[PDB]
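Same chain, two forms, each on its own as structure tokens: structure 1, then structure 2.
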Structure 1
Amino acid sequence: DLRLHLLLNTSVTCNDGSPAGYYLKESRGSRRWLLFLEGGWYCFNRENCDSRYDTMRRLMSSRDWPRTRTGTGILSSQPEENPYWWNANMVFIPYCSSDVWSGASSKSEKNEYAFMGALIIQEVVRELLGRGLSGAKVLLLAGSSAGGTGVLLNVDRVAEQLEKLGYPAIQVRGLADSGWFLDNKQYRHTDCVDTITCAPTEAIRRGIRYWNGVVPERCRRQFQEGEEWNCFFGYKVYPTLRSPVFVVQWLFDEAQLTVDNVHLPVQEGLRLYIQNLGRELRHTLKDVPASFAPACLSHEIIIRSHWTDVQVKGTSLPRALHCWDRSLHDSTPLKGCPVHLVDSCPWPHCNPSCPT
């Protein structure tokens, strides 16, 4: 089990002003640290955040969090479930800021909610340094869905934070799972309003100002004021990052299909739409050297217990991540240990290993 620690700096809060926190299982003698950012969509105005507060309150408040959580998938300490990093120090950071980990705003007489995702990550890192992270050799910032996008938005800031704090030997890396979205046209137009079926460009443009959202500096400098929403789209932000980032993305991600207003005999227009989506996402990954992109209709991968099962070209994700670790040793591709694994077949579940 991972044990809850509420942040000692209680000014760094969940949406409702309760303290944010993290769940930790230490592994003495390991100098690897895995910090995982939970996902769960976002909210971008008072009305939709109020609805989320009624029926998704654990994503906005720590008041009802349990004292422990079981680490699963890449957070498991059992080698059978986690061939990759079972002996690492494990950290699960609950998502309670509803801001894709981008916010830096407190609750105030002018803000019903605090959006502090970017500061939560910073404060978790700061407090972990006193609990053994100061001795780390690798800090892998991982996350799923909005947490995967949160990795892209925050990995270089964590790297900069550690350098400025005097820890230049900690190698900061990112693992972004199911957080690589396309700002494409919907299959059928929806009128936003709700969160899941809203086109993501407009939801994020609204959220940035509502949240006081921050993006990585190089990407901000490219897109400039009013256009920072672009940095929430992996294919646009990734080339600006300096930290190594491994991208895991289903080619037919269910959340991508949801925001595209696709709901699954498929007729020609939808067939072409789906095939074109897979081709576009494959294209965006062509120059991403560390990636795992199976041709499946599914959503998230890394913290589920059976994450070991899917393979691309005969290689599982735990194996690909291990090959990535080897590629980042003091050092040319590795014999039989690939790191770029993108399916080329054009329809969901054309890979027989896709989740059932």
Structure 2
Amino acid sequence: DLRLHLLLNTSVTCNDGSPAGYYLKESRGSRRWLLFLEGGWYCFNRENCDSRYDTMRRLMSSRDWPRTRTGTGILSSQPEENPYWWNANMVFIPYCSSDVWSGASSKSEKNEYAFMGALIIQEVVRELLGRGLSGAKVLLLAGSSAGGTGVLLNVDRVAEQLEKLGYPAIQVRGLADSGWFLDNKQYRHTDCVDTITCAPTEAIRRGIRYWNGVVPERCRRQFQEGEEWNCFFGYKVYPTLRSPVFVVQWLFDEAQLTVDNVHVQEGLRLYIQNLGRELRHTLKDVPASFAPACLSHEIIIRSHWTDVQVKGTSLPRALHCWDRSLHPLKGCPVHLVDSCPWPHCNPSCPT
């Protein structure tokens, strides 16, 4: 199992001021480190954060965290379940900041909650450097859903942080799972007046102000003050990133359809087919990517993540090919995007 460590710097906190932390497996044999970012939506004002604290408190507090966790999928240490990185050092960072891992604000007089997701990541990295990460050769920053978007926001900040601390030999990379969202046309429309009616662009715009959210500097320089919400969307922030990033995205992601107000007539058929085509287009020039034509959400820490295949290649294989490419390869591809246009036209889609 993975063992819990609460942060020694107790001023880096979850939403309610309790200390953040991380779960760690060690692997003295290995110089490879995997840091996984958990997902789970977000909140963007007092009222919907208060609701989250009553019925989703583990995503806002460490008071009730268990001592241990079992690694699954890419966090598993058994080769039978994890053909990719089963011998690596494993780290699971719980999502307890409700800020898509972007915040840098403390609980104070004027703030009922702390939003410190961006600071949680640097503090975990800092404390791991005394536990063997100083000798690493690859640091893979991974994440699912809101954690996948967090990879896109923080992967270059982790690189920068290690360069400034004097560790130029650690290769920082990113693996973003199910966090590649589109600010597309919704199937049905509502003005942003409450949680259920606010589109992602409007909700994130409010969240950034509420969290004191931070985005990558090169992306901020393009869109400039007040327009930082653009950098939460993968196809806009990805071209500004310098670290290598592998993008995993279902073509018909359930969270995307939810925020598009989709829950089949001709109008909805065309909408669903157009969504797959628009997602497929934004990945055209992403060299390392895995995008199956399925209706689902998340993959990389699911125990049966090895089942799905695109063009006959599994995700663990594609990630292995990505490793080899960073040392095209005969029979070991890294760009795998389905072209069939309906959910589950790939027979290997999860049931």
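So that the term is clear: the rigid core is the largest set of C-alpha atoms that superpose within 1.5 Å between two forms. Reference numbering: structure 1, starting with residue 1. Only residues modelled in both forms are compared.
So which one of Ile274, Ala159, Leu128, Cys198 actually moves, Cα shift of 2 Å or more between the two structures once the core is superposed?
Between the two forms, the residue that moves is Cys198.
So with the rigid core superposed, the C-alpha of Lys185 shifts by how many Å between the two structures?
Spelling it out: core superposed, C-alpha of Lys185 shifted, distance 1.5 Å.
Report the moving segments between the two structures: consecutive residues, 3 or more per run, each with a CA shift of 2 Å or more after superposition on the core, given in sequence order.
That run whose C-alphas all shift by 2 Å or more is 190-198, the only one.
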